[PDB]
Amino acid sequence: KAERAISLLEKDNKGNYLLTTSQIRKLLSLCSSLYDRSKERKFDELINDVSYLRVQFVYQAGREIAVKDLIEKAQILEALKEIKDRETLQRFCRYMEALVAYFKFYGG
Amino acid sequence: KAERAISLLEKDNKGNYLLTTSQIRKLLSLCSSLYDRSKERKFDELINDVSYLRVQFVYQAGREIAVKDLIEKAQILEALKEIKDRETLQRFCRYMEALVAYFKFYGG
Amino acid sequence: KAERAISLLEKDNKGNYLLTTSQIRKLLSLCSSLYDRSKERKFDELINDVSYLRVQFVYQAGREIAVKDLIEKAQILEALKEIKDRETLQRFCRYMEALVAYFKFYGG
Amino acid sequence: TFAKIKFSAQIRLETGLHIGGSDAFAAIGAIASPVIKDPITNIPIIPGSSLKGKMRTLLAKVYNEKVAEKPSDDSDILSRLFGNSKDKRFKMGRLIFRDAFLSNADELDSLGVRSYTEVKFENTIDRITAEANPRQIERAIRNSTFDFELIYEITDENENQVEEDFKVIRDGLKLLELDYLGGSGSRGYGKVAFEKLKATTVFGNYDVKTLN
Amino acid sequence: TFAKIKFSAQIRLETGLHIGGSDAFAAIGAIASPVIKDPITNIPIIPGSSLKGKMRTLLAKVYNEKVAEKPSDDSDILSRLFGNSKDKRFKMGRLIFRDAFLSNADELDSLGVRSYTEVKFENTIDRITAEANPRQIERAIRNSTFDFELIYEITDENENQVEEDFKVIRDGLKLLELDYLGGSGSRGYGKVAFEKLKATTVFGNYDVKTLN
RNA sequence: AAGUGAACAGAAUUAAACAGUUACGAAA
RNA sequence: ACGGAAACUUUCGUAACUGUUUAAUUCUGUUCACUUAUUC
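What counts, and where the lines are drawn
Residues numbered from 1 in each chain as written, not as in the entry; some residues may be left out. Chains lettered and ligands numbered in written order. Part of a larger assembly, values for the part shown. Heavy atoms only, no water. Near = heavy atom within 4 Å. Polar contact = N/O pair within 3.5 Å; in protein donor to acceptor, adjacent residues only side chain to side chain. Helix = DSSP H or I, 4+ residues; strand = E, 2+ residues; numbered from the N terminus. Nonpolar A, V, L, I, M, F, W, Y, C, P; charged D, E, K, R; others polar. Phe/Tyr/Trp six-rings, centres within 6.5 Å; stacked < 30°, edge-to-face > 60°. Buried < 20%, exposed > 50% of the residue type's maximum accessible area, 1.4 Å probe, protein only. Contact = heavy atoms within 4.5 Å.

- cryo-EM is the method the PDB entry states for this structure, with the resolution given as 3.5 Å.

So, in structure tokens, the structure goes:
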């Protein structure tokens, strides 16, 4: 969950990451706005935001080279199919926060 | 909705797609400008844009070979007749984004 | 409007239409220059273009046999008398696109 | 004593300008320079932060005697109109703007428009080759009104400088019409025009003297 | 100190030109590059972005001392007139353009006209064969004017060379008359003509020197 | 009466992506 | 016929005063509407 996030994210390629935290404010805006809203109502009611969350990880993957190299390694599209319950979705929301904390520790 | 759009769009013919996301900004400019406007007022009020939206999928289908091969496979003209309600129109607007995000996932 | 035009235009006679997009570059220019001009000023001011549009469907209709056969089927001269208001004229301008978009769908 | 003077006016856009919205936060159409609009509807609204910073900029270059090195520190005759973060005498200003909304929708739909904002295509030349980097921007409509309300109030003690403050507000609004507002106005996109400049009293504590 | 000089002029078009508008974005007629017009009415307006990239290009090749290779980096006598993205001394430009609107509609209908835009038949020949690719374009009207306004202002310190800047703007506008403006004007489409080049003072802070 | 299918490239980039004046106020 | 009886951690007070998501920017570089033709 959070133990493998320190080794898989560090093992990359060339140093000096050109990607910061401002250019990734688009795909990281729906992940934080989903964990705090799925606990109020049921999971079968919100059927428009679930299908739209997968689109953000596809349209933004073919524009910048600093996006495709991270999704294929962290397996983001693989966990989008296993989830189906409200309790399972709560676990995926916590895994996204691990890829951001360890990213700013080695650089920015 | 989004599961069957990743396999039908990939199954095409010859590789190296010569059509980019900039030459199809005519038929895609009205669908994005209709979803944000239909959520405010009613559906029976806007009657001049519904009939004009279907014309874009017919006039632009005989001027380029990279358009007819996509409409007949994705079945775009079939969904234009089933819609009749404001809630049903919101579902067709989300399906159009699958033909744009997944199109640039394998190339551009 | 657009539903009954896809079946009436297809039902013709012998295939391989000789009427291409070259001999229709005269009557399709006044209709396109009418919807975008009638929305600015009033309808009672433009009096030299309304009466001139009906002349094009009378003098030019007798110069070729491939013109009268399309006007009588699409009923163009009938709608020229019912219109009288600025809002009604906007409806006839949108119907002209059905005779051009759907014409190139089966050939060109 | 304590009145609430309201300077109601109609901002008529003689030329379509551009305002940089929240990029990479909207829907799928986050490209082509997304313009900020209404968070509920689709009517484009103009923010008030671009008006308070632009009016103070053009005012702090003709009514002063020292080059402003840092904000909230320039002269004193105009520091009490917008505010001061380094002063100990006064803090709250006397000029409050408002996020004006496009109130021209009563007759805009009658003319039959396509959308509220269009997409304009531009590019640049590298002075060594032909066309390069086909960019694109987004602009608004032309000749559109906006309900602009200026909330003005006095602190009772500042009563002997009322007529002196009226000539400063009128000079700032007239000078703003001869300058671009918003963003990317160097090519000729801004240049606003305040239409129907009047004043009224809501609280009712001060007489009506000025108007135009 | 701070003045607002306005150079009012009338851009008379001696020959109908063509400007490539927003491609694949029109209304009822989007054939052969639809020319950009007004988002409210139908009168084709000229964009102000073409007047800034063409006038600066023609001026940066006669008043310079080094071959330029990228924008915002050519000599120094003209960098303060348009802008600079590298120098930290100045960032804002002193020249403000405006989307000139066609004010000739008050008497254009009296001469008996048909429409504002027409389709001109222009193709090409592949030399080795006969007619190939019968393309076409879309031009505007001929012998039309535009109410153009040039908003000029000084920054107080820029006062000991006011007369030096007047000879640069006058030479730049006169040189543009003998060159095509817009797009694809190599076949004799552009060639503007600035009519009634006068100056006036709106803010009223500097005397009137030039006139013709 | 007379083959008429605007062709071919780049699909928004390089600065800067929290700066400061500063914290239980008068009772048991 | 109880180390128990009797008891508001209470009143107090905008996380506040200043700020243009913008500086730089030609949707155009090449382009005959045409080969052939006695109003007798």
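Side note on the protein's contact with RNA strand G
Right, so step 1: Not every one of the 60 residues close to RNA strand G is listed here, only the nearest: D:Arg56, D:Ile125, D:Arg135, E:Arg56 and E:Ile125.
Right, so step 2: In the environment of RNA strand G, a sugar or linking oxygen lies 3.1 Å from a nitrogen or oxygen atom belonging to the side chain of D:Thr124.
Right, so step 3: Where the surface near RNA strand G is concerned, the elements lending two or more residues are helix 1 (49-59) and strand 4 (124-125) of chain D together with helix 1 (49-59) and strand 4 (124-125) of chain E.
Right, so step 4: When residues of the surface near RNA strand G are assigned to their parent elements, the largest contribution, seven residues, is made by helix 1 of chain D.
Right, so step 5: Considered class by class, the residues forming the surface near RNA strand G number twelve nonpolar, 30 polar and 18 charged.

A word on the side chain of B:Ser51
Right, so step 1: By the element assignment, B:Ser51 lies in helix 3 (residues 48-59).
Right, so step 2: A distance of 3.2 Å separates a polar atom in the side chain of B:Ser51 from a polar atom in the side chain of C:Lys1.

Observations regarding the packing of aromatic side chains
Right, so step 1: Inspection of every chain in the model, using the stated rule, returns 16 aromatic pairs over all chains.
Right, so step 2: Seen from their ring centres, E:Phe7 and E:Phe166 are 6.0 Å apart, and the 75° between their planes marks the pair as edge-to-face. With E:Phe7 in strand 1 (residues 4-13) and E:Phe166 in helix 4 (residues 162-176), this pair connects stretches of sequence that are 159 residues apart. Here the two residues E:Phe7 and E:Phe166 agree in accessibility, since each one is buried.
Right, so step 3: Clustering of aromatic rings is evident, with ring pairs tying together D:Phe7, D:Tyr152 and D:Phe166.

A few points about the side chain of D:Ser72
Right, so step 1: Examined against the element boundaries, D:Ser72 turns out to sit in the loop between helix 1 and helix 2 (79-82).
Right, so step 2: Residues contacting D:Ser72, with those up to four places away along its chain left out, are D:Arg56, D:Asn84, D:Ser85 and D:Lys86.

Examining the protein's contact with RNA strand F
Right, so step 1: Not every one of the 24 residues close to RNA strand F is listed here, only the nearest: A:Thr20, D:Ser85, D:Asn133, E:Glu131 and E:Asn133.
Right, so step 2: For RNA strand F, the fraction of atoms within 4 Å of the protein that belong to sugar or phosphate moieties is 31%.
Right, so step 3: Within the side chain of A:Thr20, an N or O atom sits 2.7 Å from a base nitrogen of RNA strand F.
Right, so step 4: At 2.7 Å from a sugar or linking oxygen of RNA strand F is found a side-chain nitrogen or oxygen belonging to E:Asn133.

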